[PDB]
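Form deposited in one PDB entry, single chain, as structure tokens, below.
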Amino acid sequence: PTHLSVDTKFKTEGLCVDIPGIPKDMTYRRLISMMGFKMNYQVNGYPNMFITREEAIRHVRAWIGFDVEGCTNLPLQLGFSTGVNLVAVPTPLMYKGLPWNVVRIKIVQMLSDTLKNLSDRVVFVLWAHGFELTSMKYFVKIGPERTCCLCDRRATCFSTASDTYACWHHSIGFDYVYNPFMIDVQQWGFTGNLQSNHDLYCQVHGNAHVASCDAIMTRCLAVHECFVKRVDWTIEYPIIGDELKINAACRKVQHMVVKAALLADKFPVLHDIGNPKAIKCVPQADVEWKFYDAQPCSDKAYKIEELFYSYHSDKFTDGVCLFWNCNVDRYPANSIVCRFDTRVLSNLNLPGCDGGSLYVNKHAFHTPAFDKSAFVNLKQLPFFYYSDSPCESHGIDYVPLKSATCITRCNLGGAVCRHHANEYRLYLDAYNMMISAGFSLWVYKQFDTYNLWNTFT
């Protein structure tokens, strides 16, 4: 129960229009052989080109939808979920017809640039009809598991010019994809074609009829099945960037913003709606803290009418509501909100289904599409740093800080002390880290930082 057995059956029905006469009885072992690959009883970490659904989910950062549409004398259109379309000749980025020896070079360049900061491998996500599997021998080479010639990462590319192997970071000028993975979505038990199944859940990807459109719809449908309709928050993903800093920044911003709203507007009660594991972000606040459980929505954003109504203080209008990563359709006017913006471009955020995005930071979270109208009763929360801690350096070099948003006793009394200048700059860094990761902060309209200066009287 580790890898997908080569002796597992492969339903070949989807393959019979490009490959008429294909045997109904078929295994992975016979399919790989038919694709032109020899596995030679090799016990070297590459037991099968095809992988299980569970392995595909653990390597979601490696997913690249691939589709081949025909144009012996058949020129092929090679579509990738990066939006790239290459034309191979036997001899929405649309490239003219070229022979395989140059096409394979462009393929290694594209996958290397797309994946070097995401994953140690490639997973071709297919809706297999025939031509994509038969085309693989023209750009893929297989063998035992290898390491890069320039480093210790696993080898993902091969060069017939130098006879060496490279990872995605060192494969400049390499021509073959080495030991790729693949999964046929059509093997999951679907009725109807790709578009009919895709269009049931997503109105964002259309069918222009080019190979890359299908490659996009395939990866999208695969993401919906594995992360929208089925959610598994137990699967851990490796650290590939600023994960730890972003998470630390998020907890610092939360404490700061909630601590200041309770000081400025002195709400008697706070309704904390979201994560059933949540802890009081401001443990020393006077306020009555009431929790309401709601797991992260992955399909559509929660309707505020279902979260609140149907008969808890019952009066959510009393006090303030804290929606920290709790994605609802329209926030009530008395709210403190942290909403992830799915449009953000990063190595942590991968494209999702129906405008949503798959945010992968320790765990995978499909987030519904960012909608500006959710925030009509609120305003954008401005940057501010508040601190009531004593001015005492205790224990890096200095330049005097001058800022209208440093809300401290020292700034009230004229000059900012070294301690609050160091802490203000660290907090500004954490804030910029969090904003740039895609998170966006919103607050009730009466929120004024001018009300914080009187907490120094």
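Start at 1 and count along the sequence shown; that's the residue number.
In the deposited entry, the stretch joining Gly395 to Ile396 is interrupted by 4 to 9 residues of the deposited sequence lacking coordinates. In this entry, 226-234 shows the higher mean Cα temperature factor of the pair 133-141 and 226-234. Relative to one another, 398-406 and 426-434 have unequal mean CA B-factors, and 398-406 is the one with the higher figure. Highest C-alpha temperature factor among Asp354, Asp152, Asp341, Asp184 per the entry: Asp152. For the set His366, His312, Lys116, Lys106, the maximum C-alpha B-factor listed in the entry falls on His312. For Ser33, the recorded CA temperature factor ranks within the lowest third of the chain's modelled residues.
Per the deposited record, the Cα B-factor of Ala62 falls in the lowest third when ranked against the other modelled residues of its chain. Among all modelled residues in its chain, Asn349 ranks in the lowest third by Cα B-factor. The entry lists a Cα temperature factor for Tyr165 that places it in the highest third of the chain's modelled residues. In the deposited entry, the Cα temperature factor of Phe383 sits in the bottom third of values across the chain's modelled residues.
Below: the form deposited with a small molecule bound, not depicted.
Looking at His209, you'd find a heavy atom of it within 4.5 angstroms of the small molecule in the entry with it bound. At a distance threshold of 4.5 angstroms between non-hydrogen atoms, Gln77 is in contact with the small molecule in the entry with it bound. When the small molecule is considered in the entry with it bound, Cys149 lies well away from it, no heavy atom lying within 4.5 Å.
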